[PDB]
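Quick notes on the structure that follows.
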Amino acid sequence: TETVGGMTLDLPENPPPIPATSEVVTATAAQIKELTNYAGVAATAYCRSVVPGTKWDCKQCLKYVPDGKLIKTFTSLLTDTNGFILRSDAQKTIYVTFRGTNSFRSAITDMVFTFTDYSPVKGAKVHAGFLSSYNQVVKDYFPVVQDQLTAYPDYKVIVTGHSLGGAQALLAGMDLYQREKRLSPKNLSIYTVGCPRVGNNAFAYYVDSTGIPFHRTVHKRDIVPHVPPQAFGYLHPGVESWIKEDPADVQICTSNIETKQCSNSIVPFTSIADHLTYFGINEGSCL
């Protein structure tokens, strides 16, 4: 079938098997568990009972944050960007979670690569679409994170998303770092699953300079972390955790600028199907 940026949407038959990986370190069980748990939280955003239902009783909800309390949900129609803030007293965590559209295949096939300037950092540019969506939802969530952190000032803030939601997560994390001075690398972290590239080289260097931990989990041959194209100027910051095969073969490329050794090693034999499951958790349909 079809390609985007030279990469398949549907996997051929007889793709080269995924090549063995021998810096790059195997994730421990504990690290896998933690990536899994925040992948699960990200998955709940696609549940209509959560947004806009405003309940926390979904399957992955009670599995990963059993004592969760929804503080706020929000939706921007124009790009179908949705999210929530949730607090766990048991885990001492304030969660900021986002998605974009659940129409994944069209979203990738129609995506346009145009940059807008990233105004906090001269020379830095981010995908114009992602940034417009962010500028809609920031009004909804930012005051609420400030308010919860005032009320629970010892809690950490975890920002998580799948797919286009991962783009919102990273933009939120950078905004929180910029404007909420009570947050730093000690108490703020960003986790994503199937995150596309979000900005240019300078944006990526900036993100790395903040020291805010940005985790990019990528599931086997998932196309989405490979768009938009590097050749257009885009570059991933963050540390890639690449699920090659569960339950134990998850490889960490510890460098904070994307490398050739994790999921970029399977390009251009990618798939949209691989975008839909992370650690056995369905991402996109609340299954």
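FYI, nothing fancy with the structure tokens labels: chains A, B, ... in order, residues from 1 per chain, ligands from 1 as they appear.
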Exercise for the section: Just the helix (DSSP H, G or I) stuff from range 15-121 of chain A, please, per backbone DSSP, written as number ranges by chain. Expected result: A: 29-46, 59-64, 77-79, 104-109
Keeping only C-alpha atoms, take the residues you just selected and write them out as a PDB file, in the first residue's frame.
ATOM      1  CA  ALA A  29      12.145  -4.916  34.969  1.00  0.00           C
ATOM      2  CA  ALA A  30      11.627  -1.944  37.265  1.00  0.00           C
ATOM      3  CA  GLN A  31      12.123   0.587  34.396  1.00  0.00           C
ATOM      4  CA  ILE A  32       9.769  -1.409  32.164  1.00  0.00           C
ATOM      5  CA  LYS A  33       7.162  -1.408  34.891  1.00  0.00           C
ATOM      6  CA  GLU A  34       7.379   2.351  35.220  1.00  0.00           C
ATOM      7  CA  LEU A  35       7.171   2.982  31.467  1.00  0.00           C
ATOM      8  CA  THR A  36       4.246   0.576  31.355  1.00  0.00           C
ATOM      9  CA  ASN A  37       2.396   2.345  34.143  1.00  0.00           C
ATOM     10  CA  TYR A  38       2.577   5.782  32.440  1.00  0.00           C
ATOM     11  CA  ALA A  39       1.700   4.177  29.094  1.00  0.00           C
ATOM     12  CA  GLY A  40      -1.393   2.908  30.794  1.00  0.00           C
ATOM     13  CA  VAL A  41      -2.294   6.368  32.044  1.00  0.00           C
ATOM     14  CA  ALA A  42      -1.867   7.708  28.566  1.00  0.00           C
ATOM     15  CA  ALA A  43      -4.217   5.037  27.264  1.00  0.00           C
ATOM     16  CA  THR A  44      -7.045   6.189  29.488  1.00  0.00           C
ATOM     17  CA  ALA A  45      -7.279   9.445  27.559  1.00  0.00           C
ATOM     18  CA  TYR A  46      -8.998   7.625  24.708  1.00  0.00           C
ATOM     19  CA  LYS A  59     -10.192  -0.667  33.068  1.00  0.00           C
ATOM     20  CA  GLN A  60      -6.680   0.788  32.705  1.00  0.00           C
ATOM     21  CA  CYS A  61      -7.713   3.624  35.059  1.00  0.00           C
ATOM     22  CA  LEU A  62      -8.197   1.349  38.068  1.00  0.00           C
ATOM     23  CA  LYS A  63      -5.359  -0.943  37.193  1.00  0.00           C
ATOM     24  CA  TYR A  64      -2.669   1.781  37.043  1.00  0.00           C
ATOM     25  CA  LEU A  77     -12.561  20.598  19.044  1.00  0.00           C
ATOM     26  CA  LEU A  78     -10.548  22.025  16.206  1.00  0.00           C
ATOM     27  CA  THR A  79      -7.915  19.199  16.371  1.00  0.00           C
ATOM     28  CA  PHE A 104      -4.343   7.766  13.446  1.00  0.00           C
ATOM     29  CA  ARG A 105      -3.881   6.730   9.861  1.00  0.00           C
ATOM     30  CA  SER A 106      -5.394   9.835   8.327  1.00  0.00           C
ATOM     31  CA  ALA A 107      -3.617  12.018  10.911  1.00  0.00           C
ATOM     32  CA  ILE A 108      -0.271  10.631   9.711  1.00  0.00           C
ATOM     33  CA  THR A 109      -1.088  10.542   5.996  1.00  0.00           C
TER      34      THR A 109
END
Practice task
Give me the residues within 9 Å of residue 222 in chain A as a VMD selection string, counting only C-alpha atoms and dropping any in the same chain fewer than 5 places off.
Solution key: chain A and resid 9 194 263 270 to 276
List as a short mmCIF file (atom, residue, chain, number, x, y, z; two decimals) with N, CA, C and O atoms, in the first residue's frame the protein and nucleic acid residues near residue 167 in chain A, meaning an atom at most 12 Å away when only C-alpha atoms are counted, but skip any in the same chain fewer than 6 places from it.
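The file below, result.cif, is the result:
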data_model
loop_
_atom_site.label_atom_id
_atom_site.label_comp_id
_atom_site.auth_asym_id
_atom_site.auth_seq_id
_atom_site.Cartn_x
_atom_site.Cartn_y
_atom_site.Cartn_z
N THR A 81 -8.14 17.60 20.40
CA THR A 81 -7.15 17.46 21.45
C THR A 81 -7.88 17.44 22.77
O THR A 81 -8.70 18.29 23.05
N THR A 97 -2.40 14.51 31.42
CA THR A 97 -2.45 13.54 30.31
C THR A 97 -3.12 14.15 29.07
O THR A 97 -4.13 14.79 29.24
N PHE A 98 -2.59 13.88 27.89
CA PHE A 98 -3.19 14.42 26.64
C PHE A 98 -3.34 13.34 25.57
O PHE A 98 -2.68 12.31 25.60
N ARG A 99 -4.52 13.53 24.63
CA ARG A 99 -4.39 12.86 23.32
C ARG A 99 -4.68 13.88 22.23
O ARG A 99 -5.41 14.82 22.48
N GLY A 100 -4.49 13.42 21.08
CA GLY A 100 -4.98 14.08 19.87
C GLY A 100 -6.05 13.20 19.25
O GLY A 100 -6.67 12.44 19.96
N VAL A 126 8.66 24.57 16.28
CA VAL A 126 7.83 23.39 16.49
C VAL A 126 6.71 23.31 15.46
O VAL A 126 6.37 24.29 14.78
N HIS A 127 6.28 22.09 15.21
CA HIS A 127 5.22 21.79 14.26
C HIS A 127 4.04 22.72 14.50
O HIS A 127 3.61 22.88 15.64
N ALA A 128 3.59 23.42 13.45
CA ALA A 128 2.60 24.50 13.65
C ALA A 128 1.27 24.00 14.22
O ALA A 128 0.67 24.60 15.13
N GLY A 129 0.85 22.85 13.71
CA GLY A 129 -0.34 22.17 14.22
C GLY A 129 -0.24 21.84 15.69
O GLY A 129 -1.14 22.18 16.47
N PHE A 130 0.83 21.17 16.10
CA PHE A 130 0.88 20.77 17.50
C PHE A 130 0.81 22.02 18.39
O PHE A 130 0.22 22.01 19.47
N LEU A 131 1.56 23.05 18.03
CA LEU A 131 1.63 24.25 18.84
C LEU A 131 0.30 25.01 18.90
O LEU A 131 -0.07 25.50 19.97
N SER A 132 -0.45 25.07 17.80
CA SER A 132 -1.82 25.65 17.88
C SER A 132 -2.73 24.90 18.82
O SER A 132 -3.42 25.51 19.64
N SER A 133 -2.66 23.58 18.78
CA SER A 133 -3.46 22.78 19.70
C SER A 133 -3.06 23.05 21.14
O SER A 133 -3.92 23.25 22.02
N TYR A 134 -1.75 23.13 21.37
CA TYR A 134 -1.27 23.41 22.70
C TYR A 134 -1.84 24.75 23.19
O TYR A 134 -2.27 24.86 24.35
N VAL A 159 3.82 14.20 33.15
CA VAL A 159 3.06 14.58 31.98
C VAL A 159 3.17 13.44 30.95
O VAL A 159 4.28 13.06 30.60
N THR A 160 2.04 12.87 30.52
CA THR A 160 2.09 11.68 29.66
C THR A 160 1.11 11.76 28.49
O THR A 160 0.11 12.46 28.54
N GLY A 161 1.52 11.20 27.35
CA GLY A 161 0.64 11.06 26.21
C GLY A 161 1.13 10.05 25.20
O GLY A 161 2.34 9.81 25.11
N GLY A 173 5.28 19.99 29.21
CA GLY A 173 6.39 19.87 30.15
C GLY A 173 7.35 21.06 30.04
O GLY A 173 7.80 21.57 31.04
N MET A 174 7.67 21.47 28.82
CA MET A 174 8.50 22.66 28.62
C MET A 174 7.86 23.99 29.13
O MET A 174 8.51 24.74 29.90
N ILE A 190 8.41 13.77 31.86
CA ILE A 190 7.58 13.64 30.69
C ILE A 190 7.74 12.21 30.16
O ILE A 190 8.86 11.74 29.95
N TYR A 191 6.62 11.53 29.97
CA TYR A 191 6.64 10.18 29.39
C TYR A 191 5.71 10.11 28.22
O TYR A 191 4.51 10.44 28.34
N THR A 192 6.20 9.50 27.16
CA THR A 192 5.40 9.33 25.97
C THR A 192 5.53 7.90 25.35
O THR A 192 6.56 7.23 25.52
N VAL A 193 4.52 7.55 24.56
CA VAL A 193 4.47 6.33 23.75
C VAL A 193 4.04 6.72 22.35
O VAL A 193 3.05 7.44 22.19
N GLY A 194 4.86 6.36 21.36
CA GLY A 194 4.58 6.69 19.96
C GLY A 194 4.54 8.20 19.64
O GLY A 194 3.86 8.64 18.71
N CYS A 195 5.40 8.96 20.29
CA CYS A 195 5.51 10.40 20.05
C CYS A 195 6.15 10.74 18.70
O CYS A 195 7.24 10.24 18.36
N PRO A 196 5.46 11.54 17.88
CA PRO A 196 6.14 12.06 16.68
C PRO A 196 7.25 13.06 17.03
O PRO A 196 7.39 13.50 18.18
N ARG A 197 8.08 13.37 16.04
CA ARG A 197 8.98 14.50 16.17
C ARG A 197 8.13 15.76 16.32
O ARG A 197 7.02 15.85 15.75
N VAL A 198 8.60 16.65 17.19
CA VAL A 198 7.86 17.83 17.58
C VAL A 198 8.45 19.16 17.12
O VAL A 198 7.70 20.07 16.74
N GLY A 199 9.78 19.28 17.13
CA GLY A 199 10.43 20.52 16.70
C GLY A 199 11.74 20.32 15.98
O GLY A 199 12.15 19.19 15.77
N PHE A 214 12.71 13.41 29.71
CA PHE A 214 11.75 13.17 28.65
C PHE A 214 11.96 11.75 28.11
O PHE A 214 12.94 11.48 27.44
N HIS A 215 10.98 10.89 28.34
CA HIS A 215 11.09 9.48 27.96
C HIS A 215 10.26 9.22 26.72
O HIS A 215 9.07 9.56 26.69
N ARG A 216 10.90 8.73 25.66
CA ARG A 216 10.18 8.36 24.45
C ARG A 216 10.19 6.83 24.27
O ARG A 216 11.15 6.27 23.73
N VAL A 224 5.02 6.25 13.85
CA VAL A 224 4.76 7.64 14.23
C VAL A 224 6.02 8.38 14.75
O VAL A 224 6.18 9.61 14.53
N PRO A 225 6.90 7.66 15.47
CA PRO A 225 8.10 8.35 15.94
C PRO A 225 9.09 8.70 14.84
O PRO A 225 10.17 9.25 15.12
N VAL A 227 8.00 10.34 12.03
CA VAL A 227 7.50 11.49 11.29
C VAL A 227 7.36 12.65 12.28
O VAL A 227 7.16 12.43 13.48
N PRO A 228 7.36 13.90 11.80
CA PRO A 228 7.78 14.28 10.46
C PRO A 228 9.24 13.94 10.20
O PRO A 228 9.98 13.70 11.14
N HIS A 236 14.35 14.51 17.37
CA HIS A 236 13.93 14.08 18.72
C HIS A 236 15.03 14.37 19.76
O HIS A 236 16.09 13.74 19.75
N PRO A 237 14.68 15.08 20.82
CA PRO A 237 15.36 14.96 22.09
C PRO A 237 14.78 13.83 22.91
O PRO A 237 13.87 13.15 22.47
#
Exercise for the section: Figure out the distance between CA of residue 206 in chain A and CA of residue 183 in chain A, please, to one decimal in Å. Expected result: 16.8 Å
Problem - Shortest interatomic distance to residue 168 in chain A - which of A:143, A:247, A:83, A:213, counting only C-alpha atoms - result: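 For residue 168 in chain A, the nearest of the candidates is A:83.
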Exercise for the section: One decimal, Å: what's the distance from CA of residue 144 in chain A over to CA of residue 71 in chain A, could you say? Expected result: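 Between CA of residue 144 in chain A and CA of residue 71 in chain A the gap works out to 7.8 Å.
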Problem - Using only C-alpha atoms: which of A:70, A:20, A:218, A:172 has the shortest distance to residue 94 in chain A - result: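 Of the candidates, the smallest distance to residue 94 in chain A is held by A:70.
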Exercise for the section: Can you work out which one of A:261, A:119, A:200, A:282 has the shortest atom-to-atom distance to residue 22 in chain A, counting only C-alpha atoms? Expected result: A:261
Exercise for the section: Work out how far CA of residue 262 in chain A is from CA of residue 245 in chain A, in Å to one decimal. Expected result: 12.7 Å
Exercise for the section: With a distance cut-off of 8 Å and only C-alpha atoms, select the neighbouring residues of residue 253 in chain A, excluding the residue or stretch itself and same-chain residues fewer than 6 positions from it, and output the selection as a PyMOL selection string. Expected result: chain A and resi 23-25+239-242+259+261-262
